[PDB]
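Take a look at the letters that make up each chain.
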Amino acid sequence: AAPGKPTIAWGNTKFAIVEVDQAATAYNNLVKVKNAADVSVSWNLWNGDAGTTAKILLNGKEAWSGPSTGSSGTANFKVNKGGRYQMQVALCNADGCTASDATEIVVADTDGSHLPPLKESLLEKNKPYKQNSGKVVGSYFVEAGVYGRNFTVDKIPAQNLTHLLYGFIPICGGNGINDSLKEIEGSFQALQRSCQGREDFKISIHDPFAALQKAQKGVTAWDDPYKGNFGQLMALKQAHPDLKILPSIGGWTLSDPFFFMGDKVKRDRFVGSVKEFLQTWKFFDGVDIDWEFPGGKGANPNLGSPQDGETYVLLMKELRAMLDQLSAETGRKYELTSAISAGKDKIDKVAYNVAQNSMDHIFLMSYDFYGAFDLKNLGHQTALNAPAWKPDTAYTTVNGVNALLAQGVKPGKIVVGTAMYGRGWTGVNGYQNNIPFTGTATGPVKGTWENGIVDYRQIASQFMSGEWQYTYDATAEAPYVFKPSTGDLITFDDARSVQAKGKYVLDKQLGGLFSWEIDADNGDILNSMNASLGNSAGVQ
């Protein structure tokens, strides 16, 4: 007759195709990619015949077989695909097979295929929206935001976005390569730690702990292979397959290395590391280049050259080729985008009309036009048009867009940016006609986390009452609050301004909208971004 029903023995049931050392500090010791996971299963049989053949079934599909030589046994086999499988041990003989009860084994992989959907409820003022406008709706999630700001991936209103850019991927490099970091507490030191033993100009992860080791909703088990933001983003892709999650390389303090990319030897090394990166972390849909201004004028005052414009176009070209190479190997489609300055002076230092042919989207940083970094010339930090008191204002959203359109850039590539934060000055004075922007400041305004910057959340919750004056400049399409006694002036985006930009995007037939760090919003900004772009409400 058929064999007796076997029983699965005690033993770890979680494995991974891509192993991650939950204790490593160096990127080169953090991950090791394997073509398949090494699984092992043992069983017992206290009653009945042991059969002649033993098989390991994964979801009913045979994954291993071998002679059944005793009432007990062990099977070692490979699993080349991630997922949660119902594993069974079956004993078989001439007349019949007998399977044991199912035991779940997890075979982890960086695409999150082993994780249950991370479908969290919208928080704060966030309201549901369907991405049915065909327009881009993106936002940035900062890696470091999981600390003080305590804003994790599970707090992201993922259903109200089409693109999600990661809080910046660094480029390895010490003195002379990433000096701009030295200005931030232990940041430079952190990067050297991650890049220990790694060639300079290669991609890396800035905060390994926050990225893959910190426990977070959905990935809290002490023995889960991928935790932190990455782990969560993997689960997030399971819930929102169509969501494009893109790693942004660069940023204000990590753009320094780009200025060396003129040397193709380094550029090739960079493009190669990015590819290996995309192969390693499958949840990512491409790459975002945030070279904080080619030509200088960035965080580092000693970098920038006329050669930068050409380098940028070359970089995008080579990256696009690399992604194409990758598509041929995975069959997937990858997006290539970039965040650029909205100022015409910087936009002209690059031939975007040519680079656009390799890029999917161009995220126009139409914000930070003004700020505490200049106490003499004040203005709207993210306005749409020039104000009435200075119609010849240079830094405005429209000018930025026009500059691009002028070069020959297709409007569909342009994604206008909105701010979920405000910039402000303190002790403003010497203004006339009651327009604070015409005076000068004595210093930066007290910020939420750092001087001169305040989350929209704090603006809407603390500076929308009391002695604060609220004003919406209809000419420029931008709001601002002012406290006469202390001279505190704050410029930011609000539902109305964002709505103005949305209709503007709809009119000029631009790509869409995106915002700087989703952690600073309470929902008003993103809600408006969606509504103004045509997305229908109600959960889908």
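Residues numbered from 1 in each chain as written, not as in the entry; some residues may be left out. Heavy atoms only, no water.

Some remarks on the sheet that holds strand β1 (residues 7-8)
Operational definition: Here, strands pair whenever DSSP counts at least two bridges between them. Labels follow the DSSP assignment, with helices taken as runs of H or I lasting at least four residues and strands as runs of E lasting at least two, numbered in each case from the N terminus.
The strand order across the open sheet formed by 3 strands is β1-β5-β8, and the pairing between neighbours is antiparallel. The open sheet has two free edges, formed respectively by β1 and β8 (72-79), since each of these has just one partner strand.

A look at the pattern of salt bridges
We count it as follows: Throughout this description, the term salt bridge denotes a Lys or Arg side-chain nitrogen within 4 Å of a carboxyl oxygen of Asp or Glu. Here's how the labels work: a residue is buried when its accessible area is under 20% of the maximum for its type, exposed when over 50%, partly exposed in between, all with a 1.4 Å probe on protein chains only.
Under the counting rule described, the total for this entry stands at 31 salt bridges. Where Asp345 meets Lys346, a salt bridge forms, and the shortest distance between an N and an O atom there is 3.4 Å. Take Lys346: its relative accessible area is 12%, and that puts it in the buried class. Connected through salt bridges with shared partners, the residues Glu19, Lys34, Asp38 and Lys78 form a single ionic network.

A short note on the sheet that holds strand β14 (residues 244-250)
Convention followed: Lines are fitted to the C-alpha atoms to define the axes, a helix being fitted only along its stretch in contact, and any angle between axes, read from their N-to-C directions, falls within 0 to 180 degrees. Contacts are assigned to residue pairs with any non-hydrogen atoms lying within 4.5 Å of each other.
Strand order around the closed barrel formed by 8 strands is β12-β13-β14-β15-β16-β17-β18-β25, with parallel pairing between neighbours. Neighbour-to-neighbour, the strand axes of this sheet turn through a mean angle of 25 degrees, independent of strand direction. Bridge count for strand β13 (residues 163-169) against β14 is 5 bridges, and the pairing is parallel. Across the sheet, residue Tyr166 finds its bridge partner in β14, namely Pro247. Its contacts with the sheet place helix α11 (residues 495-508) against β18 (414-419) and β25 (512-516), and it is angled at close to 175 degrees to β18.

So, the domain arrangement of the protein
Threshold: The source of the domain bounds is an automatic or database domain assignment. The buried area of a pairing is the accessible area, by a 1.4 Å probe, that goes missing from both parts when the two are put together, added over both. Any pair of N or O atoms that falls within 3.5 Å is considered a polar contact. Within protein, one atom must be able to donate a hydrogen and the other to accept it, and sequence-neighbouring residues count only if both atoms are side-chain atoms.
Assigned domains of the protein: these are domain 1 (1-107), domain 2 (108-419 + 496-540) and domain 3 (420-495). One C-alpha centre belongs to domain 2, the other to domain 3, and the line joining them spans 26 Å. Contact residues are listed per partner, giving 47 residues for domain 2 and 38 residues for domain 3. Considering only the side of domain 2, the residues that lose the most area to domain 3 are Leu378, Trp389 and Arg496, jointly responsible for 20% of the buried surface there. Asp368 serves as the salt-bridge partner of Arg423, at 2.4 Å between the closest nitrogen and oxygen. Run the count over domain 2 and domain 3 and you get 28 residue pairs in polar contact.

Some thoughts on the nonpolar core
Applied cut-off: The criterion is simple. A nonpolar core is a set of buried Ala, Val, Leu, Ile, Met, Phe, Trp, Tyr and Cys residues joined through side-chain atoms within 4.5 Å.
Membership of the largest hydrophobic core comes to 137 residues, with the highest contact counts inside it found for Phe230, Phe270, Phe277 and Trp281. In contact with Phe230, other than residues within four places in its own chain, are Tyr166, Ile205, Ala211, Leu212, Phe277, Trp281, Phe283 and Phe284. If you look at the next biggest cluster of nonpolar residues, it comprises 20 residues, including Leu165, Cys195, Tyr421 and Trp516.

With respect to the pairing of strand β19 (residues 421-426)
Taken across its 6 residues, β19 has 5 buried, putting it largely inside the fold. In terms of strand pairing, β19 meets strand β21 (residues 453-455) through 3 bridges, oriented antiparallel. Paired with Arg423 across the bridge in β21 is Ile453. Of the pairings in the sheet, the one linking β19 to strand β24 (residues 488-491) comprises 3 bridges and is antiparallel in character. Considered in β24, the bridge of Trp425 is made with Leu489. Sheet analysis places β19 next to strand β20 (residues 443-444), joined by 2 bridges and oriented antiparallel.

Regarding the packing of aromatic side chains
Aromatic ring pairs are reported here in terms of the distance separating the ring centres and the angle at which the planes meet. Threshold: A pair of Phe, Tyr and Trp rings is counted when the ring centres sit within 6.5 Å of each other, with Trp represented by its six-membered ring. The angle between the planes then sorts it: under 30 degrees is stacked, over 60 is edge-to-face, the rest tilted. Here, a charge over a ring means that NZ of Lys or CZ of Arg falls within 6 Å of the ring centre while also lying within 35 degrees of the ring normal.
Counted under the stated rule, the structure contains 31 aromatic pairs. Both rings, one in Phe369 and one in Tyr395, keep their centres 5.8 Å apart while their planes meet at 70 degrees; by these two values the pair is edge-to-face. Highlighted residues: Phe369 in the loop between β17 (361-365) and α9 (397-407) and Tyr395 in the loop between β17 and α9, separated in sequence by 26 residues. Judged by its relative accessible area of 7%, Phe369 falls in the buried class. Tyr395 sits in the partly exposed class, given a relative accessible area of 24%. Aromatic pair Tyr470 and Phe492: ring centres 6.3 Å apart, planes at 75 degrees, arrangement edge-to-face. Taken together, the positions of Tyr470 in strand β22 (residues 469-473) and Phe492 in the loop between β24 and α11 put the pair 22 residues apart, joining distant regions of the chain. You can call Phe492 buried: its relative accessible area is 0%. Among the aromatic side chains, those forming a connected cluster through ring pairs are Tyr140, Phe168, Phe363, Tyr367, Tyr421, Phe514 and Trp516. One cation-aromatic arrangement involves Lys182 over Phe188; the distance from NZ or CZ to the ring centre is 4.9 Å. Here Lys346 stacks its cationic end above the ring of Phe293, 5.5 Å away from the centre of that ring.

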